[PDB]
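**Student:** Once you've seen the sequence and the experimental structure below, I've got questions.
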Amino acid sequence: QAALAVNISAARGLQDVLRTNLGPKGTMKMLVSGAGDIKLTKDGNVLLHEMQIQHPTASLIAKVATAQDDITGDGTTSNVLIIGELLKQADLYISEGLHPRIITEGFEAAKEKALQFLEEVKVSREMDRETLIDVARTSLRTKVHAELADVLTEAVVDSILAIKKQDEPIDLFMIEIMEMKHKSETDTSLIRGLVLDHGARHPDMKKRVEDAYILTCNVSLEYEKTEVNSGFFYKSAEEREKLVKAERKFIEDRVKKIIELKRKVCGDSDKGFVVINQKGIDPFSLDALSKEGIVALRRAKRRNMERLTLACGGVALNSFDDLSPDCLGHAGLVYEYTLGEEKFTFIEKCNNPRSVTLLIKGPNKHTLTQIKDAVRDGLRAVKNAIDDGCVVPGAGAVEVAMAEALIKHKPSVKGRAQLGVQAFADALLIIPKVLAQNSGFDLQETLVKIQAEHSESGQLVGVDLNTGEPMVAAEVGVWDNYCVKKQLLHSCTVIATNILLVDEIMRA
Amino acid sequence: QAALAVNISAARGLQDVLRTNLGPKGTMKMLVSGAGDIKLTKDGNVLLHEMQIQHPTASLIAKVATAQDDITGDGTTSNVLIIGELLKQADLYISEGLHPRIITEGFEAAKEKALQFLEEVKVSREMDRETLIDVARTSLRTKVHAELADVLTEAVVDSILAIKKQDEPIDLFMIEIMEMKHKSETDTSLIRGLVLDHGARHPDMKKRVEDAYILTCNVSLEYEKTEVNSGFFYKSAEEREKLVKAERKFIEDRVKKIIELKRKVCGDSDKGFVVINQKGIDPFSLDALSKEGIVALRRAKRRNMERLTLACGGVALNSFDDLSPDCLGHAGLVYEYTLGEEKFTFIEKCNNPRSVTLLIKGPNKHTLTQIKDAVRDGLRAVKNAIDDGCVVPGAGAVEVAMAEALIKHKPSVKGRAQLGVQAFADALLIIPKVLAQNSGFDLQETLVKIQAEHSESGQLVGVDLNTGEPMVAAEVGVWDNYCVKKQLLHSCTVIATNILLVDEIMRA
Amino acid sequence: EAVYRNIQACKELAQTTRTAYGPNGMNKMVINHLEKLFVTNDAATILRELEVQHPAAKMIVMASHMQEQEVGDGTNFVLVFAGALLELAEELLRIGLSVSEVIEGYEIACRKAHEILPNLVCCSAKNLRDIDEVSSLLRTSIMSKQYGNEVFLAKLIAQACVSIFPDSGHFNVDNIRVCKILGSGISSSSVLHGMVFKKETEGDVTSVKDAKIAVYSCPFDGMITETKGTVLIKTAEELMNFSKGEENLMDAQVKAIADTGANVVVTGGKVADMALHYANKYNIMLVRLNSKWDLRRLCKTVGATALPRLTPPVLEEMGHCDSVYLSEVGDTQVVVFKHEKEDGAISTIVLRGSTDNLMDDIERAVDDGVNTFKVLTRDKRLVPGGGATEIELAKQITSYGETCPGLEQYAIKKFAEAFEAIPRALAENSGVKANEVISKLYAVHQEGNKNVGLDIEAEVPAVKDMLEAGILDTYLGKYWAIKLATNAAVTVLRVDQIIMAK
Amino acid sequence: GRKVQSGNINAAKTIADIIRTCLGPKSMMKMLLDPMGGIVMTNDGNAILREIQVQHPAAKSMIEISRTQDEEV
Amino acid sequence: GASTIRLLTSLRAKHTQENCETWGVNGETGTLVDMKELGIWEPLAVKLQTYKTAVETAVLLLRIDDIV
Ligand SMILES: Nc1ncnc2c1ncn2[C@@H]1O[C@H](COP(=O)(O)OP(=O)(O)O)[C@@H](O)[C@H]1O
Ligand SMILES: Nc1ncnc2c1ncn2[C@@H]1O[C@H](COP(=O)(O)OP(=O)(O)O)[C@@H](O)[C@H]1O
Ligand SMILES: Nc1ncnc2c1ncn2[C@@H]1O[C@H](COP(=O)(O)OP(=O)(O)O)[C@@H](O)[C@H]1O
C-alpha cells in the first residue's frame, strides 16, 4: 500500500504542476535549459517532453501519455489532470480497504458507459467556415493570446479548407510551417504554395514573375573547386595547386544550357523561367540572366526541392544540362517578397496548386517557438475535427454531462464497482472546476452552478470561461474534437489502471 | 490559516478511539484508573470520561457529546462517528479552498431534511411485550456479552412494564439496581418490590413475613432526652451516664411501643411488624425479638428509607415513636434473602408496589460495574421507547435510508449547500460502515450492497452483523429509539458546526 | 496494535507461569514485599507475588483467582490455556480474521466442550470412606504440586478429610488447618481431630471436659461483667497482687463464665513466667505465640472473637468446645481442641519438615488436596487427566470444526490446538520434546483408547493409560477451569486499546 | 533451526511476496526502478525476475533454481 | 478484491464435500465458480512439473548452509 500511496502522491504532485495550465485564462510555464535559453509553452505535450521531473512514476506517466496523445492531436494536459484527480478519488477509498482491481473495473465500467454516452452527446453538425473558425479558436486560445489567436484563425482554417479538397484523411504531406523574425508579430499569414527563405544576387530583378515556369534542378553556377586530383598532400599536390583553378568556364557553360532551355520552353526571352541551386551562384552571370528572363536561385535546402516538385511540377537533380521539358511546371505568381533585411521569395498560384505553407513571423525565438506550437496544435486539432463527422462542445459541458450520467448509472452497474464509476465521475468533474479555478471563479461555486444548470434543463451546458456563468458551449462556440476526447478517455482509463495496479517499488 | 485542520485531526483521533465499539459484534474498551484498578466498558458515555483525552478540543468534543447525550443516552457513540465523518468530508472540501460556513449551512439544511424524513421512517405501535423485548435486546446487546444479554433484557422489560400506567419517564425510585459479588450471574433478574442494602439474621428469626408493617429509627439505643446522635460525652460526666441510660431505657420503652403496636393492630402480632433500624443495635433486640414476632433489621442506609417511603406508603419516620398506628408503612411479602456470603432483605407487594429493584449480581468489580452501566443504559433506552410510540429500525437501516433521502434531496438544494448535504449523507454512511467493519467484513461491499437493496425496494434494510448480507431490520427485531435518533441528528449537526467553525486556534 | 500487545503480555505471563505446571514443574524464586526468599512451584503464590501490572495480565490472574476460590485444581491450567487461546488468536488475527469472529468461535467451542466433556468422563468417585480409595482419587492433585514423595501426602490428606467429613453430603473449605512446627522428616506428620497449635506456654490441661475459650490481646484481666478487676504493670509487689487477682478471676471464669463459654484465656501478648506458674497452680491454661490469623481461626472454630482492647466478656464473643488436651506429636508439645460436632466440622494436621520453604510447599499441597476433596464431595464424577482429557477434547473440537462450514472454524481449530498446548506444557517440564510426544499421543489416541496421556516416568517421549495409572482430574475442576479460562480469553480479546482515566 | 535456514526462508518469502501479485488474469502491474532513471513495466513474474536485483545469496540461489525451472518448460 | 479469508474458507468448506473437487475461484470476477462450467482448463503435465519443481526447490533451499 505504501508504494501505491507514493505513486499516487507523485502523480498528484505533477497534477498540481499541470493544474494551472489548462484553459485559455491559465497561467503559463516556461522552461530553461542548461545553456540558459528560455522556452515559453502552455502546451502540455512538448512540456512533458522537455520537462525535467525529479520523480520516476511521473516520468513514465509523461512518456506514455505524450506517446499515446501524439496519435490523437493534443489533449495530454487534460489527460494528466483528470488522471491525477481520479487517483485522488481512488486513494480516498484505497485508504478504506479498497483493492485496486475493483476500483479499476469500476473505471472500466464507467468508461464503457461514458463512450456510449458521448456517442449520442456529440452533435452531428455539417462542417463549414464558421464551425472550423470556432474549433480553430478553441485550439489556439489554449496556447496564445486571444487577439493573437484571432489573428491566427483565418490562416490556420483557410489552409485546411484548401487541403480539404482531397476528401481523405491525409495530413503533413503539405502545410509545412515557415518561420521568420519580424518587428511586428501581428503579421502572420498563409501562403498557397511554398516560401523560399532566400533569393539571389539579381540586382533589379523582374520580381513579379507571373509566367513563372519552374524546373527545380541544381545548376552549378558556382563550381566547387576540384582540389581532389590525385589524393591528399603527396608530391603530386603540384597538380592540385593548379587544377583548383579554371572552373570559371563551367558557370557560363551551365548558364548557356539554361539559356537554351529558356529558349526551348518559352520561345523567347520574355516569360520568366525559375530554376534553383542547392549551393551559391555568381552575381555577374545573374546580371545577364535577369535580362534573359531566367531566374536562378541559390542555397536551397533539401526537402523544399521535392516539395516544389509536388506543388508545382518539375524535378530536382544535381547533375544539370539542357534537360528535356518533360516535367516543366508553371507557377502562376512567384511573389518575390522582402521585408526587414532578408529576402523571402514566395511561390504561389502554382499550376494546380497542391501545397500550402503558413508564414509565422514571431519577433524572436521564444515567441517563435510558442507561435509554432500554437499553429501545429490548431492545424492538427482542425484536422481531427474534419476527420470525424461530429464535433462535441467542450468547456466542461460534456464533462459534467457524463459525470451526471455516471451518477445516474451508479445503480445500473452492479457490485463494488459503483465507487469506480463515482470516482470516474469526480475525475470528469475536475475539468470544469479546474477551468473555473484557472479563471478564478471559486471553482466549486462554478461547479455547483453548472451542475444545477444542467440538471434543471438537461441542456448540454458548459462554463463561460470569461464570466463563470454556465453557458451552452455549442452556442458560445467552444468545441472539442470527438477523436481527441475519445482517446483522452481511453488514455485516462488505461493509465489510471496502470497506476492502481502498481503496488511495489523495486530497487532494480 | 487552516488552523481548523488540527481540530479535524482531533475529531479523527476521537473517532478512531470511539471506532471499533459499535454493535454487539464490536469490541469494548477498558479504562485504567489512576488507582490502578480495572473498568471494562463499551458505551461512549463513560469512554468520553476517560480523562486521558490527550488533546483539548478532543476533550471539548467528549464533554459536549456527554452533555447532549445525557438527555437520551441511547445515541452517544454514533454521535462521535457522525461528527467525525462530517469533519472528514469537510476536510476533503476545505482542501480545495471552500469556506466551512457554507458547509455548516448545508449540514443544517441536511438536518432539516433528515428529521422530517426520520419522522416518516419511525414506526408507531402499541408497545407489546414482544416488540419491547426486541428493542431492549437490540439496545443492550451492543454493550454486553451476547450470551448474557437476554437474561438481563427480560428483567429490563419487566421493569419498564411495572410502570406503564403513566407517561412519566424512568426514575430510580421505582427501579433501583442493586449488586453484590457472587460466583455466577445465575439469572440476574429483578425482584418485585424493594431490596435492602443488607439484612439481619439470627437462627430463630423468620425467613418469610407476610402483611408486614414497616417503620424506621435513627436513634433507638444511642442518646437519651436529646435528638442528637454524635460522640458520647466522654468530656462531660454529668452528660455521660444518660448515654448508658439511653440503651436500656429505649430498648425498654420503644420495644414495648413496637409490641403494643403489633398487639393492638394485628391482634397479638398476627401480621408480623418489621422495623428497619438504620445502624447497629445491641443483640438483645435482634436475638430475642426473633421469637417476639418482630423482624429487627440492621445496617441500612437512608436512601433505602426514602425508597421504602415511596414504596410502602406512610413515611419512614426517622423519629422512632409510633405516634399514629396508621402512619405505618405496609409490605405484602418480605423475604430475607441470603446468597453467597451476604444477606439482604426483600420487601414485596408493598403499598404502591410499582417500585421494583434489579438484582444485578455476578462476578466481582469490573463485570459488575459494566453490568450496572449497561442495565442503566438499557432502562433509559426502553424509557425512550415508551415515552413515544415511535421506533426506528437500527442496524444502520435508518442511516442508509436518510443517506438515500438526502442524496435524492441534493439536486433540490440551491447552491453549495448541495455539496453540504452530500457531505452529510456520506457522513451518515458511517453507521453501516462502522458496524460492518466491527464484524470484520469487506465493509465496502456491505455499504454498496445495503444501498442497492434500499434502492431496488422500499424496505428499511440495514446490515445484520451475523451475516453481513442486507436484510430488513424491521422483522429481524433490531429496533432503535426515534427520540435518540432525533437527538443524535441535532447534537451531531450542532457540534459539527461548532467544531468546523473554529479558526486560528489560540491559547487562552 | 494494542490487541497484539495484550496478547504478547498474556503470552509472556502464561510462559513464565507454565514452567510450574504438572507434577515435575520447575520451581521459581519468590521475593515479596516481606523480602523473604523461598522456592515454590505453585501458580497461586507465584502469581500472588508477581505484580502483573499489565491490565490484561491482571484480568487473567483474577480470573484464575476466581477459579481457585470456586474450585481447587486448575489454577495454572487457566493461565496456560488462556495463554494458548491468546497465542492462537494472535495467529488468526495475523491471518487477518477479525476479533469478533475469533471470540464468537471461542464461545461456541467452549459451549461444545462443556456439552461433550460430560461424555468424556470415564469414572466416578465411590463412597468417600475407605481411605485407600480416596487417597487414590487425590493421587493426581497431590502429585501435581509435589513429586518424589507423594503417596504419604495423599494418605495424610485422605485421613484428615475423611475423619471430619460428616455423614451429610456437605463439607466446608475452611476445615483443614496446617501447623508447621519444624523438625526432621516429612513422614512424621499426622492428623488430629479438631485444631492443634505448634507450641505455646506450658500448662497442665484441666479443660479436657466441657472446654471453653477466652481470647485477649489486651491486659490480662478477664473480669466478669459483675465485678471489676485488672492488672496494671507499674510496680512488682502489687503486680503479683494483681496476678493473684486475675488468677482468681480466671477461676471465676471457669466457674460461671463457663456457662457463657469461657474457661481458658488466649493471650496475644506475653505474660510473666511467674504468672504462668500461678496459672499452673489454679488450673487454667493459656496459649501464646499465635499470629492474628491463628486467633481468628481458634475463635471462629469455637464461635469466639478476638478482643482488640480491654472489654468485659459477653456471650456475643464466647467460644464453645468439647475438650482441650495435649500430645507430644513429633516429640514436641502441641495443644489440641477436640469437638463432638457441637461446632466441630474442623480437623487439623501437623506439618513436619526441616525448612519453612518445604513447609510452604507442603502447605500448598495440603490446600490443593483439601480443595480437590471439596469438589469431589459435591461432584463425585471426575475426569481422566494427565493430558488425556485435553487431547480427547482437542480431537472432538477438531471434528466439530471440520463439521462447521464457513467461518468460525478457525477459532474451533485453534481452540483444539489450545487443548493441544496442555501436554506441550507437560512435555517441556518433563524433559521430553513436545512435538514428538504430542504426535505419538495423537497416534495412540485417535484410535479410540481415549485415556492415553504423557507418561512422565519414561525418559523417552512415550504414553500410557492414566486410568489404571492413577492420574485423573476432577470433572468440575476442569469444567470450571476451561469455562473461566475461555471467559478470560474472550474478555481480553475484546479489548482493542488500553486507556487510562482519572 | 539455524540462522542460515531462516535467511533462506526470508529471501524466499521476499521474492515470493514480490511475485505473488503477478498471478492470475487480474494480475497487478509492477514497478522496475532502474537507477538510470527509467521505469520498466511488467505484468508477469518471469520478466521482473529476469532483471530483479537479489543481493542476498539465498534469493540469488532461488533465482538460479527458477532459471533451472524455466529453461525446461 | 474479494473476501480473501471468508470466500476462501467457503471454498474449502465446499471442498469438504465430495464431487466438489472441481469447484474453484473465478479470477475474472472474484467469486466461487464450478470451473468445469467456465470451460477454462489446465493440463496435468504442467501442474505435475510445477508441484515437483516447487517441492524440489523448497528441499534444496531449506537444506542450505551458506559458506564462502
Ligand atoms: N475559449 C474557451 N472557453 C472555454 N473553454 C475553452 C476555451 N478554449 C479552450 N477551452 C477548453 O480548453 C480544454 C482543452 O484545452 P487544453 O487541454 O489546454 O489544450 P491542449 O491539450 O492541446 O494543450 C477544452 O476542454 C476546452 O473546453
Ligand atoms: N443487534 C444489532 N445488530 C446490528 N446493529 C445493532 C444492533 N444493536 C444495535 N445496533 C446498532 O448499533 C448502534 C447503537 O449502539 P451504540 O451506538 O454503540 O450505542 P451508544 O451511543 O450508547 O454507545 C446503532 O447504530 C444501532 O443501529
Ligand atoms: N500425575 C500427573 N501426570 C500428568 N499431569 C498431571 C498429573 N497431575 C496433575 N497433572 C496436571 O496438572 C493439572 C493440575 O495441576 P497444576 O495445574 O499444575 O496446578 P494447580 O492444580 O494448582 O492448578 C491437572 O489439570 C493435570 O492436567
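**Tutor:** Okay, I see it. Numbering: from 1, shown residues only, chains lettered A, B, ... in the order given. Ligands and ions are numbered 1, 2, ... in the order given.
**Student:** residues contacting the residue in chain E that ligand 1 sits nearest to?
**Tutor:** Relative to ligand 1, the nearest point of chain E is residue E:1 (33.0 Å; CB to the nearest ligand atom). Heads up, the C-betas are built off the backbone N, CA and C, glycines and all. Listed by CB atoms under 8 Å, 6 or more residues apart in numbering or on different chains, the contact partners of residue E:1 are A:98, A:99, A:100, A:101, A:102, A:416, E:30.
**Student:** from the middle of its chain, how far away would the helix or strand hosting residue A:384 be?
**Tutor:** For residue A:384, the element it lies in under DSSP states H and E is helix A:365-387. Here the centre of helix A:365-387 is set off from its chain's centre by 4 Å, with CA atoms, centre = their mean, to the nearest Å.
**Student:** Show me which residues of that helix are buried.
**Tutor:** The neighbour-count check on helix A:365-387 (16 or more other CB atoms under 10 Å in any protein chain shown) flags A:367-386 as buried.
**Student:** how about the residue of chain E closest to ligand 1, secondary structure?
**Tutor:** At residue E:1 the chain is in coil, as set by DSSP: H, G, I helix; E, B strand; the rest coil.
**Student:** Got phi/psi on the residue nearest to it when sequence neighbours are not counted?
**Tutor:** Spatial nearest neighbour of residue E:1, excluding adjacent residues (CB to CB, 6 or more residues apart in numbering or on different chains): residue A:99 at 3.4 Å. Dihedral angles of residue A:99 (phi, psi; degrees, to the nearest 10) stand at phi -90, psi 130.
**Student:** and residue A:99, how many residues sit next to it?
**Tutor:** For residue A:99, the neighbour count with other CB atoms under 10 Å in any protein chain shown is 19.
**Student:** how much space between residue C:327 and residue A:385?
**Tutor:** Distance from residue C:327 to residue A:385, counting by CB to CB, to the nearest Å: 121 Å.
**Student:** no, scratch that, I was asking about residue D:29
**Tutor:** 35 Å.
**Student:** now swap in residue C:361 and tell me
**Tutor:** If you go by CB to CB, the gap between residue C:361 and residue A:385 works out to 99 Å.
**Student:** now do residue C:139
**Tutor:** 100 Å.
**Student:** what's the answer for residue A:299, then?
**Tutor:** For residue A:299 relative to residue A:385 (CB to CB), the value is 38 Å.
**Student:** Need the residue closest to the centroid of the chain.
**Tutor:** Using chain A here. residue A:376 (1.6 Å; CA atoms, centre = their mean).
**Student:** That was the other one, I meant chain E.
**Tutor:** residue E:24 (8.8 Å).
**Student:** For the helix or strand encompassing it, buried residues please.
**Tutor:** Using DSSP H and E, the element containing residue E:24 is strand E:23-26. By 16+ other CB under 10 Å, the buried positions in strand E:23-26 come out as E:23, E:24, E:26.
**Student:** Not including adjacent chain positions, what is the nearest residue to whichever residue of chain D sits closest to ligand 1?
**Tutor:** Going by CB to the nearest ligand atom, ligand 1 is nearest to residue D:39 of chain D, at 23.6 Å. In space, and not counting its chain neighbours, residue D:39 is closest to residue A:60: 4.4 Å by CB to CB, 6+ apart.
**Student:** Go ahead and confirm residue A:418 touches residue A:103.
**Tutor:** No. Counting by CB atoms under 8 Å, residue A:418 does not reach residue A:103; the two are 10.5 Å apart.
**Student:** how about the strands in the stretch 51-200 of chain C?
**Tutor:** Listed in chain order, the strands found in the stretch 51-200 of chain C under DSSP state E, counting those that start in this stretch are C:123-124, C:176-179, C:190-193, C:195-196.
**Student:** Of these, which stretch is the most buried?
**Tutor:** strand C:195-196 (a mean of 23; mean count of other CB atoms under 10 Å in any protein chain shown).
**Student:** Show the subsequent helix or strand relative to that strand.
**Tutor:** Strand C:195-196 is succeeded, C-terminally, by strand C:212-216 (DSSP H and E).
**Student:** And the next helix or strand past that following strand?
**Tutor:** helix C:236-252.
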